[PDB]
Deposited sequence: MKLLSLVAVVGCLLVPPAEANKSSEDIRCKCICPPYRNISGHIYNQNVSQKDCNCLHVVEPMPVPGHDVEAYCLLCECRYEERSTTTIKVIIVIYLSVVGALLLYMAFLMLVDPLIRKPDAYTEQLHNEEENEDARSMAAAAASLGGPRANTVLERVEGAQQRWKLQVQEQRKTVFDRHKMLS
């Protein structure tokens, strides 16, 4: 995808022309100083020297992975918040485990915050 890939170089300040950045979406073989920089401020005799001074890198990112991870994390957080709200507002074999966990969390919450000292 055009968003996944890019190729960008950064050139340090050479003589009069200060350092500059140039980015564009190309393949690895296209990613080079001459192709990426268009136009190039440096004069004819210093063109090659400018190419060595500058650095072009071709990078690829997995936007879909970040998409999916963020979406799933946000959904999990929202579900947790909704369940919490139900617990504090609505509530006042799966069900048995739920109530056993409720008692366990009550006891262990008493251990953690109320006292901070569950010494045994």
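K.L.:
Tell me which segments of the deposited chain sequence are not represented by C-alpha atoms in this structure.
P.N.:
Several regions go unmodelled: 1-22, 115-155.
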